[PDB]
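This document opens with one chain alone, in C-alpha cells, the form deposited in one PDB entry.
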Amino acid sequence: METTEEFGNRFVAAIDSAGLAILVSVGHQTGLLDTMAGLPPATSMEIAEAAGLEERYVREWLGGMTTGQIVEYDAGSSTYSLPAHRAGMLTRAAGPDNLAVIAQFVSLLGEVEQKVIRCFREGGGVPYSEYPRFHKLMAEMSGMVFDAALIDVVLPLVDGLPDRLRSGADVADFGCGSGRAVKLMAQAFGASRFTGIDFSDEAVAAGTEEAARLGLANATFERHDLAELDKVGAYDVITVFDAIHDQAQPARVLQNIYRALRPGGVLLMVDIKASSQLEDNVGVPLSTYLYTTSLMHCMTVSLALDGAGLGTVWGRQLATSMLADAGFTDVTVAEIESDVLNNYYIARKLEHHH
C-alpha cells in the first residue's frame, strides 16, 4: 500500500520528469543534443561554441539535463557528456525514433492549458487553427515515417496490396496533408493512379506543385472536407493515416470511405493503438500521454466543431465497431512489432455489385 510519503516522493519525481521533458524539447529545437552527440567531454563554453548558442543559457540547460540523469557531468574537469546510448534516441540521426521530438508536446499542450480549462466550464473546444506548431511537427514526423516504412513495411501488411498497386489500381489517400504518402506511392507504383484529398487549399497546392516538379502524372490532389465527398465507386484502395479520430463526424467520414470504394476494394486505416476500455490502458507505456494529448488537442479540436470528440484513445473495439457501422463486414487488425503506437485496420469491401 502506497503511503502519503511515497506518493509525495513519486509526485515530486513526476514534477522533475516534466521539467526534464521540457529541457529535452529545448535540447532538440536548439540543436544542443545533436551538438553533444558529436563532441567528446566538453565544458559549457565549449558546448555553447560548438552549438552557436549563448553560453549562459546552455549552462543552465546543462545543469537540469545533468540532475535529470541524461547529461553526465565530471566535477573534476567541469566537463559534460551525453552518453552514446542516450544520444542514440535523442538526436536527429534517429529520425522517426528520436524521442526528443515527443518531448516537444509538453510545451505545446502547456501553451493551450488555459484555453482547454475554459472548455471544462463552458463546453465547446479549442479550434484546429490554434495549433499550427503542433500540426507542423506531426506532419514532419509522419513524413519521416512514410519515407522509412510506407512502401516496404506498411503496405505489405495488406495481403496482395503491393502486387495490386504494381499491376494497377485507383487509389486515394484521405487526409493527405502535403501529399508525402501519395508522392511515395505514385513513385513506387507507376501503373496506379493516386488522389490525395485534404481540407487545406495550401496543402493541396503544395502537393500539386511537387507532383509537377517530379513528373508524377499519376498523382493528383483535391481540396475537400472528408465529411462531405461525392466519390462513389471511385477507388480500389483507400488509405487513411491517423486522420479519423480527430474528425468532427468520424462515422460520416467512414461511410464516405465505404461509398468511395469499389466492390472488392480495401481500406487501410492507421490509427492509435489503445483499448476502448480504460482499465486495459492502465500500465501500458504512453497511455497517460495519449489521454493528455486527447484532452488537450485531439478531442477538443473535434468538440470545437460540435463534433464527436472520440479522442486519441477511441480504441480498437470502438474503431472496429464503427467500421462495421460504415458497412465493412470484413475487418482485420494488423500490428508491426516495431510500432507500439499504431494499429493497422484492414477493411475489405464485398465484391458484389450494387
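Residue indices: 1-based, along the sequence shown.
This protein has a second form, the form deposited with a small molecule bound, left out of what is shown; the following refers to that one.
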Quick one: from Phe146, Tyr258, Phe105, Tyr73, grab the residue that has a heavy atom within 4.5 Å of the small molecule in the deposited bound form.
-> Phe146
Just one of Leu161, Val126, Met138, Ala206 has a heavy atom within 4.5 angstroms of the small molecule in the deposited bound form, so which one?
-> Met138
109-117, 183-191, 74-82, 243-251: which one contacts the small molecule in the deposited bound form at 4.5 Å, heavy atom to heavy atom?
-> 243-251
Heavy atom of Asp170 within 4.5 Å of the small molecule in the deposited bound form | no
Could you tell me if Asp198 has a non-hydrogen atom within 4.5 Å of the small molecule in the deposited bound form?
-> yes
is_contact(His224, the small molecule) in the deposited bound form, heavy atom dist at most 4.5 Å = yes
With the cut-off set at 4.5 Å between non-hydrogen atoms, does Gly265 touch the small molecule in the deposited bound form?
-> no
